Each structure stands twice: as C-alpha cells, then as structure tokens.
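*Asks:* Submitted below is the structure of interest, expressed as structure tokens.
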Amino acid sequence: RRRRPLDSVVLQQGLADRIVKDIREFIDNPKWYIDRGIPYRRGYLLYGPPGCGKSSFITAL
Amino acid sequence: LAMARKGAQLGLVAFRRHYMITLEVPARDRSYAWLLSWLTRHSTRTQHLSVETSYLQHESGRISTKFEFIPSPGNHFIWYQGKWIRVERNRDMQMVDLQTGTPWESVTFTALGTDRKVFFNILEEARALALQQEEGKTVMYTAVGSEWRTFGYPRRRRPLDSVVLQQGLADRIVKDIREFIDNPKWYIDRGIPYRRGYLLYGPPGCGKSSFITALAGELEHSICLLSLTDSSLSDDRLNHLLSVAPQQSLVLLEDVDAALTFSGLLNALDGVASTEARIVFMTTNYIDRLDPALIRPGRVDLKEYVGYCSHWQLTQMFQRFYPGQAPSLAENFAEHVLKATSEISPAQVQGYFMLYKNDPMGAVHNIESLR
Amino acid sequence: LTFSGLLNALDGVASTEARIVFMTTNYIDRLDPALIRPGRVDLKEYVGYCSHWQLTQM
Ligand SMILES: Nc1ncnc2c1ncn2[C@@H]1O[C@H](COP(=O)(O)OP(=O)(O)O)[C@@H](O)[C@H]1O
Ligand SMILES: Nc1ncnc2c1ncn2[C@@H]1O[C@H](COP(=O)(O)OP(=O)(O)O)[C@@H](O)[C@H]1O
Ligand SMILES: [Mg+2]
Ligand SMILES: [Mg+2]
C-alpha cells in the first residue's frame, strides 16, 4: 500500500506527538530493556468511540 | 618523435571535434525495432537492407508471414533538418549467451551540429510508431474460487460509440471516470479511500452490462467479470477477490437483483483493508430491491438511470446500420417508428435491423411488423 | 440437458469474439420455430438425397 501520511489522521493537539516520542524512544533505545532482563516489548492501548481513528492512525503510524 | 606525435595529435583533435560531434549507441535494448523501422520509412532511398522473417504459425494450419525490412550491416548517410548525418552499424567478436548466440550490436549516429535538440525529435518519432502499430486489447478476468484467472483471449475493444444511450449520458460518465484516474493524489492526502462506486439501473436489456464492456476499452483498462449468482461465493470470499484484483481493472457485477447478506456486504464495498486503485461497477435490472442506505456517498458516488430507446437512439442506430447516407434519410425511419410503436426496448431494435441487412429503404417501409 | 437451459449455452454473453458455430440435426421435427431465427441461425438449408445433377458429377 501507498503510505498514508501521518498528517491525514487529524486528532487533538499533543496526542500524536506524545505517542511518537514514546515509540521513537522505544525503537531508538533497544539497550535499556535487554540489559535489565526485561522482555523487549511495549504495550499500547487506544480507546474511544467507534470510528474516531484508532485503526486509521495505526495505518499511518 | 614525429611518429609518436602524430598518433597523439589525431586523438587530441578528436576531443575538440567530440564537443562538436554527437554520439548515440544503443545495445539491444528492444529500441532497435522502433528506430530501424523509422530509418527505412524516413529515407525511402536505401541500398543495404536485411530481411527479418516472422513465422506466425497459428494453430490452424494457417501460416502468416510478413517482412519487416531494416538496414543491413554497413554505413549510411541520411538527410535531416540539419546537415548530413553519418550512421554506422558494426558487429563485434563477442557473443550474447542470453537469447540466441549473436554478435553484440552497436549502432552509432554521428552528426555535425552542436545542438542535442535534433535527436530528441527523432527518438520521439519512434515512440509514435510503436504505439500506433499495436492495438490494445481488453483482458477479461473470472473468479475461479478465491483467485482470478484469465477467461479466453483478450477481447477486441468494443468502441464506446456502439452502445447508444441518451444524449449526455455517455459524456457524463466519461468525464467522471477520466477525472478519477488522473487524480490519485487528491485522495490519499485527504485520507479518503481511493475507490469509486458506480450503479446502473433500468429495465432488462437496456445496455447496463453492454456499456461497461466498452468503457474499459476506451480508458485502456481491463475488466474483472464477477456474477452475483454463483453458488461457491460467500461473504469472506468476496473480500479476498476484491483485494487481489489486477491493477488498472474494473470489477463488474451482473444482475445484482438475483443475489450473500446485506450486513456482510459493508466491508466488501468499502473495506479499509483492501488494495488501492479499485473501480467497481454494479448492474441491476430492478432498482426496487436496493436499500436507500446502500446508495449514499462512500458506497455509490453516482446514480444513473438507463431507460428505453428515445428518438436520439433510433436516429443514430439507423446511421450505424446504414452509413454514408444523407442525414434526412435517418429521419423517415425515426418518424414512423415512434408513430407506429408505443414502447420499444433497445434489444428489439438490434434484432429488427437483422431482418433488413443492407436494405435501408426496407427498414423504413416495414416498421408495422414490430407490433 | 433441457431445451430451456440451452438458450444461454448457444449464445453466451461471456464468450469470445470471432466464433463460428456449426449445427447438424437429422430430424427437424423436434425443434422450436423460434430457435432458427437470425441471431442463432443465419442460413437455413436442406440437404436431400441424390438428384440428377449429383449422379452425373459423382
Ligand atoms: N482522526 C481522524 N482523522 C481523519 N480521518 C479519520 C479519523 N478517524 C477516522 N477517520 C476516517 O474514518 C474511516 C474509518 O475509521 P476506523 O479506523 O474504522 O475507526 P476506528 O478504527 O477508530 O473504529 C477512515 O476512512 C478514516 O479516514
Ligand atoms: N443502449 C444500447 N445501445 C446499443 N446496443 C444495446 C444497448 N442496450 C443493449 N444493447 C444490445 O443488447 C445486447 C445485450 O444487452 P445487455 O447488456 O444484456 O443488457 P442488460 O445488461 O442491461 O440486461 C447486446 O448485444 C447489446 O449490443
Ligand atoms: Mg475499530
Ligand atoms: Mg444485464
């Protein structure tokens, strides 16, 4: 599929930047997990009314 | 001393000449056919030519052979907008192991002029030849279970002028679908699914399925035949088939009235997890069975009615079946048809002219037989 | 095979172009008159026994 830009899914201000900073911190810091014996996994939960963009945003993210 | 200098001077003189001399060398990049065919056509006065034989042995005992002539090994001089051009074609001692064991071939064009605008015109002429010669064919696809397979040979494009509908009905659909293909950027930037819905409804035998066959040929697109009366078709089967459709194709549905549930059809029509560049067409002989919520924007972007033959369709079909006649002769027919018949479907007009093949005056004088 | 189900079989919309079909029947007294109209049969022709012209040529 052609990459849907992240600016197309338009959510509230500050909501996209906090998730980008947290997940970019996870990809750019792989040493913080394994060194401490923690399973190298990250959990995320998005909840809200139907059709708000939970599955839409993940397509562009 | 003198001997060494002479070799150096010639090469050095060439470098200054090289700036004032153009060089082009293609090596068996499947451009030879276009350029070489143009060379013989453009010159019209040539000596050294080679023969290439085509052996189209169709499986019927019929062997069709035609000769395409191209220049042979050697040198040629040609006349163009600029001064005389030196053309040379030379063979080498190396061999190709890919296809057939042939000498590697390089063709060189040498010109006096210092501008590179000249070859730009020559190469462009070659493109015109290749696309004019070949003619596009519409490939039909049929769903074999969960996959698509080719169905017969590539059909010859039925022209769009053959299906004769009301005035402005053929032009309105062409403008809408031509606008869709040339604007792929307007969708993704705005987060809209890059899909288009179409619905054609009307009495049976009006041309709903006929028109869609001819539309793909004009747009140089293929068709994906899919009937909604199959027994091995389910809800999940349709979601897959619309996701593995070939690019530059149109999906056709025949007689949707004879259909699968309505709730499971939502993800099939507008599915987020589906491929891009997908055009779906729907044909139903009875619009009195569809849900009003099925034809909203998002699932169907254009509602269009296809009715019986009007005065516009009768005058044109008479000119199709009897070409080269005066426009006034295509009025005596349409005059008595509407005066002698109250209702007439297009399927009956296509069959009535089969009784008077190559008999124009005979179609006008025997309209009473349609009662 | 039935007679009503033979309609879509003879002239199928989902079929190739440039198709020539030949039909041979030894008994014409079982077919419908509407089956041999133009569109399905474009030329009706009877083939009988040997005439005087056929005996001289054979
Ligand atoms: N925040 C948003 N910004 C832009 N478009 C959105 C947004 N949320 C949803 N959409 C649109 O809604 C449609 C489907 O959304 P969907 O992902 O099914 O919602 P959810 O997954 O939250 O149930 C898509 O076509 C998408 O473009
Ligand atoms: N508007 C039209 N103009 C020219 N020919 C038509 C038209 N409508 C139908 N036909 C002819 O009718 C035949 C079958 O039509 P079809 O596509 O089966 O109708 P529908 O799909 O609406 O039931 C074709 O041979 C076609 O040439
Ligand atoms: Mg959801
Ligand atoms: Mg139909």
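So for chain A, numbering is Swiss-Prot's, and the shown residues are 183-243, in order.
Going by what the header records, the deposited coordinates were determined by X-ray crystallography, 4.4 Å.
Every residue gets a Cβ built from N, Cα and C, even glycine.
The ATP binding site annotation in Swiss-Prot covers A:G230, A:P231, A:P232, A:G233, A:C234, A:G235, A:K236, A:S237.
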*Asks:* Near A:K236 (ATP binding site), which residues of its chain come within a Cβ-Cβ distance under 8 Å, counting only those 6 or more away in sequence?
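*Replies:* Expected: A:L228, A:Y229, A:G230.
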*Asks:* Over all shown protein chains, what is the count of other CB atoms within 10 A of the CB belonging to A:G235 (ATP binding site)?
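*Replies:* By my count, 17.
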*Asks:* For the binding-site residues A:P231, A:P232, A:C234, A:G235, return the ones with C-beta distance to chain B below 8 angstroms, or 'none'.
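*Replies:* From A:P231, A:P232, A:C234, A:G235, none lies near chain B.
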*Asks:* DSSP on A:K236 (ATP binding site), three-state: which is it?
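*Replies:* The residue in question, A:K236 (ATP binding site), is helix (DSSP, three-state).
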*Asks:* At a 10 Å cut-off from the C-beta of A:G230 (ATP binding site), count the other C-beta atoms across all protein chains.
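*Replies:* If we count other Cβ atoms within 10 Å of A:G230 (ATP binding site), we arrive at 9.
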*Asks:* Any idea what DSSP makes of A:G230 (ATP binding site), helix, strand or coil?
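*Replies:* DSSP call for A:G230 (ATP binding site): coil, neither helix nor strand.
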*Asks:* When the Cβ positions of the binding-site residues A:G230, A:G235, A:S237 are compared with the atoms of ligand 3, which fall under 6 Å?
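*Replies:* Near ligand 3, sequence order: A:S237.
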*Asks:* Which of these binding-site residues (A:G230, A:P231, A:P232, A:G233, A:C234, A:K236) have a C-beta closer than 6 Å to some atom of ligand 1?
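*Replies:* Among A:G230, A:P231, A:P232, A:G233, A:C234, A:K236, near ligand 1: A:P232, A:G233, A:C234, A:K236.
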*Asks:* Taking the Cβ of A:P232 (ATP binding site) as the centre, how many other Cβ atoms fall within a 10 Å radius?
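*Replies:* Result for A:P232 (ATP binding site): 6 other Cβ atoms within 10 Å.
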*Asks:* Quick one: give me the count of other CB atoms within 10 A of the CB of A:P231 (ATP binding site).
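*Replies:* Other Cβ atoms found within 10 Å: 6.
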*Asks:* Among the binding-site residues listed here (A:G233, A:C234, A:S237), identify the one with the smallest other-Cβ count within 10 Å.
*Replies:* A:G233
